[PDB]
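All remarks here apply to the structure that follows.
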Amino acid sequence: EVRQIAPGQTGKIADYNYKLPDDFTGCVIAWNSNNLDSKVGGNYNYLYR
Amino acid sequence: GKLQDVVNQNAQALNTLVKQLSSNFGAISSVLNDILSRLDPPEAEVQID
Numbered sequence: 406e407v408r409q410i411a412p413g414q415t416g417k418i419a420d421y422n423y424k425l426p427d428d429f430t431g432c433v434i435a436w437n438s439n440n441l442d443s444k445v446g447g448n449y450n451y452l453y454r
Numbered sequence: 946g947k948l949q950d951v952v953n954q955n956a957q958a959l960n961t962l963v964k965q966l967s968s969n970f971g972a973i974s975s976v977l978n979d980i981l982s983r984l985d986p987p988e989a990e991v992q993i994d
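From first to last, the protein sequence lines are chains B and A.
One point on numbering: in the authors' numbering, the residue at position 2 of the first sequence is 407, and numbering is uninterrupted.
One point on numbering: in the authors' numbering, the residue at position 48 of the second sequence is 993, and numbering is uninterrupted.
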């Protein structure tokens, strides 16, 4: 879904969670959180609309 | 003929000017109403250009 955090994109997060403008001027940064945020037995704490 | 030629040339210039509306020019369709009614603005911008 990081691929959807870009201008002109579509999908659940882009349409209903975080929408970037057509003429965005800036940067999008992302990195692997699997060690910190994911807990043994599944991490179900983060929600998306 | 010298009087008919000017009216014919202007009529032909207007006819070709209008016929240039029936031309794709690299767009998916000639009628801009169809691109604005069928394509998302992020791509309707490029199809209109």
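Cβ atoms here follow ideal geometry from the backbone N, Cα and C, with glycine treated the same way.
Asked, Found
"Where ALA435/B falls: helix, strand or coil (DSSP)", "coil"
"Neighbouring residues, chain A, relative to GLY413/B (Cβ below 7 angstroms)", "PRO987"
"Under 8 angstroms between C-beta atoms of residue 937/A and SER967/A", "Outside the shown range of chain A (946 to 994) lies residue 937/A, about which nothing can therefore be said."
"Three-way DSSP call (helix, strand, coil) for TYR421/B in this model", "helix"
"Nearest-angstrom Cα separation, counted from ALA972/A out to residue 363/B", "Residue numbering for chain B in the displayed model covers 406 to 454; residue 363/B lies beyond these limits and cannot be assessed."
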